[PDB]
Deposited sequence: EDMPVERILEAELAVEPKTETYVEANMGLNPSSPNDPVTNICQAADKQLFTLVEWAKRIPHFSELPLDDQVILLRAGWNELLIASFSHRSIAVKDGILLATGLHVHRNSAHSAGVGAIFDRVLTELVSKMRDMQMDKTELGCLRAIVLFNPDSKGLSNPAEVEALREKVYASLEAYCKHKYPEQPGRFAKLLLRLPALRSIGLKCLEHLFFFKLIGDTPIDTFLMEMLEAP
C-alpha cells in the first residue's frame, strides 16, 4: 500500500544524469553519496528508524550500485560506463586482474538487461527490493522491512503485465537476476577487501567506511 512505481522511477531519474580498478573504486565512492539520496526518495524508506536505514544501505550498497552501472552499460559495447563518465572496457579489466568478475557482470547482468530491454521503472523496483532486504542482520523490525519489499514487487508485477502484456513471464525474469546480483555482489566485495589489505589502489572515506565492521 502506497508504493507507486512512479515515485520509484523519479528516484532513479533524480540521481541518474590509469588503473581501471582505481577508477572503479573512485566511482563507487562517488556513487555512495548519490545512493543515500536515492534511498531517501524511495517511499517509506526514511520513515524507518535511522538505524535500520543504516543497516539496509550498508547491507545492499554493493548490489545496488552494481545493478545501476550495469543497466547504465546496456548501450555500451564490451564494458561498462562509470558515473564519472569513464569507460572500462572488458580488455582493460582483464589487464588489471579482475577479468573474471568483470565477465560475470557483462554476461549475467549487462547482457541480460539489454536482451530483455529492462526499463528504468523495472531497474528501480529491483533496486528497491534489494534495498528492502528483510534478512539484513540487526533490523529492529525485519517484518516491517519485509512488508515494504512485498509492496514493491507487487507494484512491479502490476507495472509489468500491463506494460508488457505479451510477456507473462517478465516479472519472474526480472526477479531471477537477483541471485546473480547477490553472487556478483559478494565477489566484488571480496576483491575490495583484498585491495584494501594489499594497500594499493586508493580508497576514499565513504567506500572505506562501508568496509568497516560489521
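- Of the deposited sequence, just the range 18 to 34 has no C-alpha coordinates according to the record.
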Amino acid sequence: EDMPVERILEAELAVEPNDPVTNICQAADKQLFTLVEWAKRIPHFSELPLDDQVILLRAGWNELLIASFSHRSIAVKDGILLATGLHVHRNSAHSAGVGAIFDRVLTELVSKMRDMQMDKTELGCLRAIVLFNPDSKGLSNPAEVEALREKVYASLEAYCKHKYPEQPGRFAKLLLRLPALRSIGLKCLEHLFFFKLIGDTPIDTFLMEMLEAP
From here on, numbers count along this sequence of modelled residues.
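- Modelled in this chain, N18 is nonetheless unresolved in at least one third of the other entries of the protein that span it on both sides.
- On average the C-alpha atoms of 135 to 143 have higher B-factors than those of the other stretch, with 93 to 101 and 135 to 143 being the two compared.
- Comparing 75 to 83 with 124 to 132, the higher mean C-alpha B-factor in the PDB entry belongs to 75 to 83.
- Taking the PDB entry at face value, the top CA B factor among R170, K163, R149, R177 belongs to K163.
- In the deposited entry, the Cα temperature factor of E47 places it in the highest third of its chain's modelled residues.
- Among the modelled residues of its chain, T201 has a C-alpha B-factor that falls in the highest third, as given in the PDB entry.
- Annotation for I24: C-alpha temperature factor in the lowest third relative to the rest of the modelled chain, per the entry.
- Placement of the Cα temperature factor of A213 within the chain: highest third of the modelled residues, per the deposited record.
- Per the PDB record, residue ranking by Cα B-factor puts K187 in the lowest third of the chain.
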